[PDB]
Amino acid sequence: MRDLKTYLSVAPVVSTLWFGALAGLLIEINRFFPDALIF
Amino acid sequence: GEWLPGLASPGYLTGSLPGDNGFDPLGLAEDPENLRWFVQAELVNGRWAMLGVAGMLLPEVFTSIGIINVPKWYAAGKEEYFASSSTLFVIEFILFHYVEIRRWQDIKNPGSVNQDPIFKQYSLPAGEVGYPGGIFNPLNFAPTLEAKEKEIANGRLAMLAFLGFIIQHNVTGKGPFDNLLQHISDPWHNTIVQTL
Amino acid sequence: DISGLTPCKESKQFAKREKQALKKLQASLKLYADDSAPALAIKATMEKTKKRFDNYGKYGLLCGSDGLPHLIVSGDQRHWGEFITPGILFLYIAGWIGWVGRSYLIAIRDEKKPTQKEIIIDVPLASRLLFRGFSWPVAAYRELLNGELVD
Amino acid sequence: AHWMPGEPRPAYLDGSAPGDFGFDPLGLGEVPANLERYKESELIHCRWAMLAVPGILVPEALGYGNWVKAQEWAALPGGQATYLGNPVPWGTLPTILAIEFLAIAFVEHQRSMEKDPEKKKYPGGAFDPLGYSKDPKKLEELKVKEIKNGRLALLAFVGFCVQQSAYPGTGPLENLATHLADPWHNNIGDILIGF
Amino acid sequence: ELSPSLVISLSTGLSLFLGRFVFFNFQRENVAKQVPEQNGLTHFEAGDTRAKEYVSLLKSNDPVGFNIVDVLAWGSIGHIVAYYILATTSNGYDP
Ligand code: CLA
Ligand SMILES: CC(/C=C/C=C(C)/C=C/[C@@]12O[C@]1(C)C[C@@H](O)CC2(C)C)=C\C=C\C=C(C)\C=C\C=C(C)\C=C\[C@@]12O[C@]1(C)C[C@@H](O)CC2(C)C
Ligand SMILES: CC1=C(/C=C/C(C)=C/C=C/C(C)=C/C=C/C=C(C)/C=C/C=C(C)/C=C/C2=C(C)CCCC2(C)C)C(C)(C)CCC1
Ligand SMILES: CCCCCCCS[C@@H]1O[C@H](CO)[C@@H](O)[C@H](O)[C@H]1O
């Protein structure tokens, strides 16, 4: 379990989760505040 | 003091300062000089916030009870004065330049600035940085630890209150006391929820 | 106006672009049952479109002879949202990221095997250093004056 | 006595020089030779300013003229100048330009040939008929007075030029009167935080 | 209208006077401080046979040493200033 957590903390997994979260965020923001060219 | 019971207070907050409740989660005052400068800044922002908030709420309360017709703080600058806002700004800028540079020199070097440059006979007694005293304290109140931490407390409360005033005016478009009254009117139907 | 441009709310070509766009969308919409999903989709596109043009007009954007929004980045105060403000926001976030990363690299620099925590992230440490970025201008400004920024 | 109370003065400024108030934020006088040259040139700028300032104010009050309008007679085919109201015969641009050039070049270059650093700034001799420099202590006191009046004159000149940039075609004394009109309305504000 | 001869002669006279009396020492001093050389030795010591300084031509029985070269130099400046003044006063320029 500790080993599995360590694996989940490895660079590619961390990157997939981080950029996944970011992608989700930017997507939702661009869904609620769409076509933003100013601000 | 424990702002978050029971979160261990940072090592650099040993309670040797008034207002030490161990609240610095981002570690801004990890450096001693940083802690000094931030103590000064907290005192100054705090005092100006107390004065400002008082000057924002109090005139409005007296207007509500019909004592004196005073225009609200966010509509007070608009072309009502004798000397105009620009001249007022130049004056303000000059006097504040002098005063703030003076205090700054006090912060950089405590004993360096204490005597009147014109009338060198008069002088200010060697005290604490941020707590000048002397002529600034004509009623000779004792700068006790309790009084200091009370000062800092009311200062923090007033700063948060100023942020509150700004945001509330930004949203509702009325005065803070007006918002308070409307909140008293119907508490469960007049909050930030309904105004947004 | 600025650079010989004309305001989008007053631009004829801007309006004609909105027109042709909406008319293209409707010309495509004609082939589907009004209650069906394709219809609702195309209609959503139409509403989104006109809302977009209306918002651009409202924002005080200047249009060229092409009928498209052109941006003013000279520092002109009527257009700070066209570069200055989102620029400040960007700089804030980027500074946040860089400062946090810097903190992390410094934190593990003095250890048995530093490279380890560079290929296997210390998530507790990272979460502790995460929010420190919020005050990055203040933190960096003080480190600049102190001499803890460079060697 | 320094310019900023509580601020440490540079290592090379002990205050033994006339007007030495420890003002050098940029550390331009860190080099001794440069510092000496700066003393000389500061005195030169000072004396030029002290001659200029009243020469800007006086003909505006008495001669009813203007230190900027007094420039405009040139730059045109006419080229006629007036002194105390009286049109000068040799008062044309090329002539006075040649005269000024030759004279000032001669005197300046003659000042350039001096080797003694103390006489390069304080020549004396023929330039001191009243012998006010004969007494050392009085010389020092009068030196301090000179550098101070000179610096104030320089500041006044800056005032004239900036006030001219803000209100073109109007002299300093005219601006003083305008200020005396409505002191609380006629200020720098209209230029700074205006409009 | 300005007499070309008077302007030119007066200008050249002023320049030659300035070079003979008021700027002579300074010029001679700065020239004394400078002399072209490659790798320490001069161009003639290197040596290019065509880079020897003319001793004969520079000779003069003038009290200070004002020779033909100085005459050509300050004279050149004089003529330049002269023709500048002439051409300038000749035009109908108005700003
Ligand atoms: C331009 C002529 C000039 C020169 C050559 C000097 C030279 C000197 N002054 Mg200074 N002084 C001047 C003008 C000048 N001053 C003016 C106008 C004032 C009134 C503000 C003063 C007030 C003053 C004080 C109180 C003191 C000095 C001192 C000195 C000496 C040490 C400082 C130094 O080394 O800087 C060398 C200076 C320069 C190399 C000048 C360069 C200027 C740069 C290139 C451009 C500056 C642009 C300017 C700021 C624009 C004007 C803006 C306007 C609004 C002010 C040095 C001999 C100190 C001293 O020991 O005196 C004996 C001292 O205590 N001066
Ligand atoms: C000075 C101030 C306000 C002053 C107001 C003035 C003069 C008002 C003047 C006027 O109204 C009058 C008088 C009359 C009107 O006619 C004119 C105006 C001009 C409108 C507010 C400060 C306001 C300052 C505020 C609100 C500061 C808040 C900071 C916080 C909460 C930071 C917390 C942390 O930093 C710590 C403590 C530790 C870290 O580790 C963690 C985090 C959380 C990062
Ligand atoms: C002897 C004698 C004497 C006399 C002397 C003299 C008088 C001399 C002179 C001399 C001279 C008299 C010289 C001259 C020279 C000249 C020159 C050297 C010139 C040059 C020129 C030029 C360079 C030109 C150029 C040009 C051209 C070509 C074109 C047009 C323009 C111009 C101008 C650019 C005496 C008595 C004193 C004394 C001793 C003896
Ligand atoms: C939001 C943070 C949640 C806590 C993070 C869970 C994984 S924490 C994880 O623990 C491993 C050991 O088991 C370490 O090897 C690894 O470096 C560390 O990131």
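Below are the figures for this structure:
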| item | result |
| --- | --- |
| The listed residue being within 14 Å of chain B (Cβ to nearest Cβ), under 30 Å from B:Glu92 (Cβ atoms) and either of a type in the set (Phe, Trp, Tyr) or within 16 Å of ligand 2 (Cβ to nearest atom) (or both), out of D:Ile188, D:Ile193 | D:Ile193 |
| Residue match in segment B:145-158 (condition: more than 14 Å from chain D (Cβ to nearest Cβ), more than 30 Å from B:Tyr74 (Cβ to Cβ), without any contact (Cβ under 8 Å) to a residue 12 or more places away in the chain and surrounded by 14 or more Cβ atoms within 10 Å (Cβ to Cβ)) | no |
| Among residues of segment C:118-136, those that are of a type in the set (S, T, N, Q) and surrounded by 14 or more Cβ atoms within 10 Å (Cβ to Cβ), counted | 1 |
| Odd one out for C:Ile72, checked against (1) touching a residue at least 24 places away in the same chain (Cβ under 8 Å); (2) over 25 Å from C:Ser11 (Cα atoms); (3) within 14 Å of chain A (Cβ to nearest Cβ) | (2) |
| Residue satisfying all of: in segment C:2-47; exposed (fewer than 12 other Cβ atoms within 10 Å of the Cβ) and under 30 Å from C:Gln77 (Cα atoms); nearest to the chain's Cα centre (by Cα) among these | C:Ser3 |
| Some residue of segment D:58-71 being more than 16 Å from ligand 2 (Cβ to nearest atom) and within 14 Å of chain E (Cβ to nearest Cβ) | yes |
| Flag if B:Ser84 is surrounded by 10 or more Cβ atoms within 10 Å (Cβ to Cβ) and within 14 Å of another protein chain (Cβ to nearest Cβ) | yes |
| Residue among C:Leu130, C:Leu91 that is of a type in the set (A, V, I, L, M) and within 14 Å of chain A (Cβ to nearest Cβ) | C:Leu130 |
| Those residues of chain A which are of a type in the set (A, V, I, L, M), facing chain C (nearest Cβ under 10 Å) and closer than 18 Å to C:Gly81 by Cβ, in sequence order | A:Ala36, A:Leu37, A:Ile38 |
| Residue match in segment D:93-100 (condition: under 21 Å from the mean Cα position of the chain (by Cα), more than 28 Å from E:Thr89 (Cβ to Cβ) and free of Cβ contacts under 8 Å to residues at least 60 places away in the same chain) | no |
| Residue in segment D:125-132 that is within 14 Å of another protein chain (Cβ to nearest Cβ) and either of a type outside the set (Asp, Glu) or surrounded by 11 or more Cβ atoms within 10 Å (Cβ to Cβ) (or both) present | no |
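One line per residue, one yes/no per condition, for (1) farther than 23 Å from D:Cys161 by Cα; (2) in contact with a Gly (Cβ under 9 Å, 6 or more places away or on another chain); (3) in a loop (DSSP other than H, G, I, E, B):
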position: D:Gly29; (1), (2), (3): yes, no, no
position: D:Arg37; (1), (2), (3): yes, no, no
position: D:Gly55; (1), (2), (3): no, no, no
position: D:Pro59; (1), (2), (3): no, yes, no
position: D:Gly79; (1), (2), (3): yes, yes, yes
position: D:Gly91; (1), (2), (3): yes, yes, yes
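Here the Cβ is made from the backbone with ideal geometry for all residues, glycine too, and neighbour counts use every protein chain on show. Coordinate-derived values only; no laboratory data.
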